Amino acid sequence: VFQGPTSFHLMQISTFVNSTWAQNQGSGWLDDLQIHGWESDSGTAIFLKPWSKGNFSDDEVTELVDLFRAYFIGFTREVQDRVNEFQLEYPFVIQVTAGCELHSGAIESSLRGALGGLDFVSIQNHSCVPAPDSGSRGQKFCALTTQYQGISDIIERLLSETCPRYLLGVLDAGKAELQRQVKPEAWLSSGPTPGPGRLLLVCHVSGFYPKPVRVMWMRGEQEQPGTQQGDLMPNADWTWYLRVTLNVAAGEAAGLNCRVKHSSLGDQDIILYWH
């Protein structure tokens, strides 16, 4: 019943190709909605929305930016130097999310790290926990973070103090946009013929906001058990697109309808008849 996003995350993608070539890509997100970009060369933030700074002062935003810029430079150097120690082999990808999340009531925070596309570590409550699969390399990394107490303290501050404050400020700042209701456009088509005498009936639903939606093939009142729920896919304008498909006999397609439920529609679902 709470509308729009409930979490903020910094996101890091770091590619290590060889001893002399490494790339960082950074960004900031409210659930799956990008509100910050990051220019890697200069270490410059990009404020994608009028309310991207939430309730933070310019000086506080600038300090945080300076901090992230230094982090990328240091992170890169440290990994490069410890390639042998951690027996990493080129090419390799490190991924990191860090941020916090509302839970109906105390805000939860953590940093999660991945290596080779797999859970590597998570850092919470001034504690490093290596992922169960991470091995000695994981335990070694956590041991290492305790040699880096300054960096560890900065991160814990960011997680426990700064982030909860930022998340609450930014949900309020972007409230109008984050809780707007946008009605879906819906349409039906028939997809590639799947076999003799059968139709692929496709219900397309696009342009709705927020994300939760329920789309279902019906015959009168009975939900059709063959209904295939496609994955939510993004559009470029903070709405989503969904395909819901039904593989049905040709002489049975008559009387079917697609029922679209969405918060923007109140109790009145959109209905689309096949003929």
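In case it trips you up, residue 1 is the first one in the sequence shown, and so on.
According to the PDB entry, the deposited sequence contains 1 to 3 residues between residue 105 and residue 106 that lack coordinates. In this crystal structure, the stretch out of 51 to 59 and 38 to 46 whose C-alpha atoms carry the higher mean B factor is 38 to 46. Per the PDB record, of the two stretches 82 to 90 and 157 to 165, 82 to 90 carries the greater mean B-factor over its C-alpha atoms. Reading the B-factor column for the CA atoms of 95, 189, 179, 125 in the entry, the top value corresponds to 125. Looking only at 112, 183, 198, 204, the residue with the top Cα B factor in the deposited structure is 198. Sorting the modelled residues of the chain by their CA temperature factor places residue 133 in the highest third. Residue 69 sits in the middle third of its chain by CA B factor, as recorded in the PDB entry.
The deposited CA B-factor of residue 239 belongs to the lowest third of values across its chain. Among all modelled residues in its chain, residue 232 ranks in the lowest third by Cα B-factor. Per the PDB record, residue ranking by Cα B-factor puts residue 263 in the lowest third of the chain.
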